[PDB]
Amino acid sequence: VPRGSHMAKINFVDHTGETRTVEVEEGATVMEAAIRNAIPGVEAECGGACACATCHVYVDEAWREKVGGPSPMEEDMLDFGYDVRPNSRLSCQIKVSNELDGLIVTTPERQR
Ligand code: FES
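If you number the sequence shown the way the working numbering does, the last residue is 117 and the count never jumps.
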């Protein structure tokens, strides 16, 4: 919450394979790390209220265990995503912590 504090690196790989790295404060969500940095391929129609699926991302294999799977309420919204995979998550549901420093997520070809 303290601005610019305890920053964690988050790597956003778009559908073409181009990676964009940003730093976001611990406690913020991965969706906020993308929106605040104008990252392509990620949207936040509902602003992080788990009411849409436009913040959909694929969690890199190496980070799946630490990030975890989607919650039941996240699943219901994920049903509206495009090409939802086992490693799919709504980025606004992923809270950044120290152990996610270096996280890699890939944005899908389509959000809506
Ligand atoms: S921004 Fe709407 S569900 Fe994540």
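Using N, Cα and C, we set each Cβ at its ideal position, and we do this for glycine too.
Beta-carbon proximity check, residue i vs residue j, cutoff 8 Å
| i | j | result |
| --- | --- | --- |
| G22 | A58 | no |
| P7 | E30 | yes |
| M82 | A56 | yes |
| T112 | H20 | yes |
Selection from the options that minimises the alpha carbon distance to residue i
| i | options | result |
| --- | --- | --- |
| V110 | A33, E30, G46 | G46 |
| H61 | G32, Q98, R69, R41 | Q98 |
| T24 | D65, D84, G73, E70 | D65 |
| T26 | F17, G32, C51, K71 | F17 |
| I15 | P113, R115, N103 | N103 |
| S93 | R41, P75, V101 | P75 |
| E50 | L95, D106, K100 | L95 |
| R117 | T34, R69, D88 | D88 |
| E114 | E48, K71, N42 | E48 |
| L108 | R41, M78, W68 | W68 |
| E80 | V72, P91, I40, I44 | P91 |
| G32 | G9, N42, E70, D84 | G9 |
Check: residue i C-beta below 7 Å from any heavy atom of the ligand FES
| i | result |
| --- | --- |
| residue 118 | In the structure displayed, the chain extends from 6 to 117; residue 118 sits before or after that span and is not available. |
| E50 | yes |
| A54 | yes |
| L108 | no |
| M78 | no |
| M36 | yes |
| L95 | yes |
| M12 | no |
Residues that residue i bridges to, as DSSP identifies them
| i | result |
| --- | --- |
| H61 | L95 |
| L108 | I15 |
| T21 | Answer by DSSP bridge pairing: none, since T21 is not bridged. |
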